[PDB]
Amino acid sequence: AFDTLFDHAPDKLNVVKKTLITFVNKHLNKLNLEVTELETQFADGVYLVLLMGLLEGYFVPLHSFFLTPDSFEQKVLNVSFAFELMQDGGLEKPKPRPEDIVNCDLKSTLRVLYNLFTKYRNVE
């Protein structure tokens, strides 16, 4: 379904990407964080964790994840933890493995971001 928005309407795909860009900055700019590139800026899990707290109304204690991950393994742990926060919030288990996000799979990343966007468009 989302795969058709991805592959066989590449000017819709870019509009999906431009939609997801506006959405994440609406929230992350509150922390003075800017996203200009969806292909890489969520790969280390940090912005996904911060975004979840912004969307669902909590702070994430800094000992709960790696704010400055120093390894592929720590980035996988961050993404897995963000996936758990997603499930805490009512989303079903995400399809991609956490390593798919760490490896900058644009489809895996936009799928996760799109499911967040479908659920949370209207949060101020």
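Throughout, we count residues from 1 along the sequence that is shown. Whichever C-alpha set is largest while still superposing within 1.5 Å between the two forms counts as the rigid core.
In 8 other deposited structures of this protein, superposed on the rigid core, the segment with the larger root-mean-square CA displacement between 21-29 and 5-13 is 5-13. Between the stretches 41-49 and 27-35, it is 27-35 that shows the larger average CA temperature factor. For the pair 103-111 and 15-23, the mean B factor over Cα atoms is greater in 15-23. Of all the options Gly57, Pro94, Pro61, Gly89, the entry's greatest CA B-factor is assigned to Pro94.
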